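>
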Amino acid sequence: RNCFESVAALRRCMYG
Amino acid sequence: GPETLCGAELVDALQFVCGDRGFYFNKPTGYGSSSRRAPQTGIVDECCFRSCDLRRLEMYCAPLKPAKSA
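If you're matching them up, the sequences are chains A and B in order. Each number in my numbering comes from the position in the first sequence (counting from 1) with 41 added on. Each number in my numbering comes from the position in the second sequence (counting from 1) with 509 added on.
#1: Any contact between the segment 559-579 of chain B and the segment 525-533 of chain B? By contact I mean 3 or more CB pairs, one from each, below 8 Å.
#2: Applying the 10 Å Cβ sphere with the 16-neighbour rule, what's the burial state of residue 558 of chain B?
#3: At least one CB of chain B closer than 8 Å to the CB of residue 42 of chain A: is that the case?
#4: Taking beta-carbon pairs under 8 Å, can you tell me which members of the segment 530-563 of chain B lie near chain A?
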């Protein structure tokens, strides 16, 4: 899904 | 709990988004000539103190681009 949605999404997107 | 970005999380996003573009903390937004009285704020006071949007991270990203194969 879209990464730029919330502050949590950014972390999960990067931390993978 | 509110959703904010501070510390490594803030720097991580800018580095993950802009990366080699060279993100800047202080940048214009409204007007810095006609208005005299104005406080200091950019990405910290805007997203750390208040909940902003991740899309803002792109604004700070420079227009330049690193090297890549294409």
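By construction, the Cβ of each residue, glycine as well, lies at the ideal position given by its N, Cα and C atoms.
With the given structure in hand:
#1: yes
#2: Taking the first residue of the second sequence as 1, we reach residue 558 of chain B at position 49. Its Cβ having fewer than 16 others within 10 Å, residue 558 of chain B is exposed.
#3: Counting from one through the first sequence, the residue named residue 42 of chain A turns up at place 1. No, no contact with chain B.
#4: 560, 562, 563
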